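Comments concern the structure below.
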Amino acid sequence: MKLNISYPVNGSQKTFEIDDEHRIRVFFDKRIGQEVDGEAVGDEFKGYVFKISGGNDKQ
Amino acid sequence: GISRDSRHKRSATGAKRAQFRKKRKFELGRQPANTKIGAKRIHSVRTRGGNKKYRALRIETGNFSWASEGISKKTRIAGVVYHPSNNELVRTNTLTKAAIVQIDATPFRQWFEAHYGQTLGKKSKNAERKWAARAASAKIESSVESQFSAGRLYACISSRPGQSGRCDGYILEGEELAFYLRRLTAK
Amino acid sequence: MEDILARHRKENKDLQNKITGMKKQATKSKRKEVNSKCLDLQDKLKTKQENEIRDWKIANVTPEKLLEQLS
Amino acid sequence: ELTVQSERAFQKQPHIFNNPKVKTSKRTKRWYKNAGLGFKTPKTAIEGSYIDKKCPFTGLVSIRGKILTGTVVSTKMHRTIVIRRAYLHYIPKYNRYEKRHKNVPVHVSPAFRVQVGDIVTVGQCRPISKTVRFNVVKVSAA
RNA sequence: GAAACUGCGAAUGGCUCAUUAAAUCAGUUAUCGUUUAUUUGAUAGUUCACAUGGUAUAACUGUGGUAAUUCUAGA
RNA sequence: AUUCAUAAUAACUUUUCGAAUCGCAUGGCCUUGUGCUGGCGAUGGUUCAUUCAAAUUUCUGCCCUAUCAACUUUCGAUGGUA
């Protein structure tokens, strides 16, 4: 799945192509606005924490 | 919605009318307020030409007038005890126009002590000059002073809480008072 | 009976916190509206604790004559 | 028409207040007005005890528009009568007339007392009820 | 001077005659029983920082979604 | 023709309004400072009146049928009070 991640301090943004479904499985059963830690979705984003702001599903 | 036109009723001769027109907007009606007591809540209704209208629900206090003294005080509402239109309208503690109701009666006797110096139930020279000037006027009637001893008065709601948003009334005096207690004493 | 009075002290310190809160948060159009509902927020509490300690004090005119006096 | 306080509400004229503090003449304050157009206020309207919100002399209505004349054909309603107006409709092909009539319901105050066959003159007011648009202003028969 | 915010207009016009028989409509009244943008003419010395006070947000930039709509998300 | 217009009292209000807006000309007074005053308009704004209206409404008038004579009121019909 695709992760549109934005840093508001620098104001930058980039989509990440993410595979290996058990990395994005930690996002499941979570609400918009709940924060999520970074190492569960990836050790490249280790130490980071993100806030879920929404998204788009299929169709 | 709720229609207000006379085209949907029968004729004077008794004949059915046919469907001549759809419901126009200028003949609309709206649902009743059914204003309870306690914990004030007024909503706004947008009406024809603008002209915002206040729909009152659960009003608590209101401005009541003593007509014989020519005064008016803001007093709270205890409860409705008689309604000429419906007895369920009494039973649900609803307030409409012309509802017989009980009021708290404390600021009225505060004003009576301040204006006349006599007590109900049972110091400076300016005050004595006022009280001697206001002689022969502490002889109101026996019914309202015995009500004052009881601590509540019977008042009639003279305002429409549905259209205006306020619950305003006036204190019962004389023949109308005696008629309403004759009506509510029937048991 | 003292714990009920301590709850009453908690009640009126929370009440003066309420009073200061929506006396500072009010605007010119809305100040005159809250003041009555400040006093109203006093009033039943000014009753309520009293009958509560009247429970602690419990712990330890008809319409007919109103017609008849006219005669 | 035997007592005044039969209904459940207190019948009284609106915004006409008799002071219980004072004690003077004119036992109840009775507001009245003259309807105009030369129509005489009856003496029992001044001296009466009925209230009748829709009365043209003691109530909150006004007389304007048409002035009609009729013969009372029904009177057993409560403060309402039904009159009949008769006229001739002209057919121009046969060059002659025919008899037609209309039934008008009209509100009657207790200031007047009418029976069947009385001739009354009425004046138009605002809608009193579903069908009543007129109010009787002068009775001229027996 | 594009775009966009704001304000108006979009309830006018145009078309058709299915419904509808005291209904519509014609001439004639009334509102002392009401609403009224717009014109037009009048009409506020009285008010819980005043050389003038606060906050978002579109347009814009950039990252995107689905086959597709005058679809829209996050920053 | 009015409990009308309007006024005055006691108050009342999930309190309405009473300009923090914009363009041209830039002028007069001096205790000469960005000091004080000052024009022609545009937009908005409370209420009244006017206009463009609207909604109800009075009277009278509609084609063929009795092989339609009684119709209306369950649960609105006709009127009164609220």
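Neighbour counts run over all protein chains shown; Cβ positions are idealised from the backbone, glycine included. None of the figures in this text is laboratory data; all of them are computed from the coordinates on show.
The table for this structure:
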item: Residue count, region B:173-187 (criterion: over 16 Å from the mean Cα position of the chain (by Cα), part of a loop (DSSP other than H, G, I, E, B) and either among the β-branched types (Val, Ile, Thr) or more than 10 Å from chain C (Cβ to nearest Cβ) (or both)); result: 2
item: Matching residues, region D:104-119, being touching a strand residue (DSSP E or B) at 6+ places or on another chain (Cβ under 6 Å) and crowded, with 22+ Cβ neighbours inside 10 Å; result: D:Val106, D:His107, D:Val108
item: Filter result for D:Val136 (within 14 Å of chain B (Cβ to nearest Cβ) and either assigned to a strand (DSSP E or B) or within 11 Å of RNA strand F (Cβ to nearest atom) (or both)); result: no
item: Residue that is nearest to B:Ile71 (Cα to Cα), among those in region B:131-166 that are part of a loop (DSSP other than H, G, I, E, B) and within 14 Å of chain C (Cβ to nearest Cβ); result: B:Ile140
item: Members of region A:7-27 found to be surrounded by 12 or more Cβ atoms within 10 Å (Cβ to Cβ) and either within 12 Å of RNA strand E (Cβ to nearest atom) or of a type in the set (D, E, K, R) (or both), listed by number; result: A:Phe16, A:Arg23
item: Options D:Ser109, D:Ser74; residue that is of a type in the set (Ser, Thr, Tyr) and within 14 Å of another protein chain (Cβ to nearest Cβ); result: D:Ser74
item: Filter pass, C:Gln49 being more than 30 Å from B:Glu175 (Cβ to Cβ), away from RNA strand F (no atom under 16 Å from the Cβ) and either within 14 Å of chain B (Cβ to nearest Cβ) or surrounded by fewer than 13 Cβ atoms within 10 Å (Cβ to Cβ) (or both); result: no
item: Answer residue from region D:112-133, given it is within 14 Å of chain B (Cβ to nearest Cβ) and over 11 Å from the mean Cα position of the chain (by Cα) and is nearest to RNA strand E (Cβ to nearest atom) among those; result: D:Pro127
item: Meets criteria (away from every other protein chain (no Cβ under 14 Å) and over 22 Å from B:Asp168 (Cβ atoms)) for B:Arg46; result: yes
item: Of residues in region B:1-26 being touching a strand residue (DSSP E or B) at 6+ places or on another chain (Cβ under 6 Å) and within 11 Å of RNA strand F (Cβ to nearest atom), the one farthest from D:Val82 (Cα to Cα); result: B:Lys23
item: Top-ranked residue in region D:10-32 [being surrounded by 14 or more Cβ atoms within 10 Å (Cβ to Cβ) and more than 20 Å from B:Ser143 (Cα to Cα); ranked as farthest from the other protein chains (Cβ to nearest Cβ)]; result: D:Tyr32
item: Candidates B:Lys9, B:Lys16, B:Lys23, B:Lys73, filtered to the one that is assigned to a strand (DSSP E or B) and either of a type in the set (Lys, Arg) or more than 16 Å from RNA strand E (Cβ to nearest atom) (or both); result: B:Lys73
item: Condition check for B:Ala56: more than 16 Å from RNA strand E (Cβ to nearest atom), surrounded by 15 or more Cβ atoms within 10 Å (Cβ to Cβ) and over 28 Å from B:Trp111 (Cα atoms); result: yes
item: Residue pairs meeting the criteria (Cβ under 8 Å; at least 6 apart or on separate chains; first within 6 Å of RNA strand E (Cβ to nearest atom), in region A:43-59; second in a loop (DSSP other than H, G, I, E, B) and of a type in the set (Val, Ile, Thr)); result: A:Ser53/A:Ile32; A:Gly54/A:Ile32
item: Qualifying residue in region A:38-48 (condition: outside any loop (DSSP other than H, G, I, E, B) and among the β-branched types (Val, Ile, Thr)); result: no
item: Search result, residues across region A:31-59 that are surrounded by 10 or more Cβ atoms within 10 Å (Cβ to Cβ) and β-branched (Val, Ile, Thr); result: A:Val36, A:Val41, A:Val49, A:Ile52
item: Per-region count, region B:28-53, residues within 16 Å of RNA strand E (Cβ to nearest atom) and either in a loop (DSSP other than H, G, I, E, B) or touching a strand residue (DSSP E or B) at 6+ places or on another chain (Cβ under 9 Å) (or both); result: 11
item: Residue under evaluation D:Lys53, criteria (1) part of a loop (DSSP other than H, G, I, E, B); (2) within 14 Å of RNA strand E (Cβ to nearest atom); (3) more than 14 Å from chain B (Cβ to nearest Cβ), criterion not met; result: (3)
item: C:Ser29 among the polar types (S, T, N, Q) and within 14 Å of chain B (Cβ to nearest Cβ); result: no
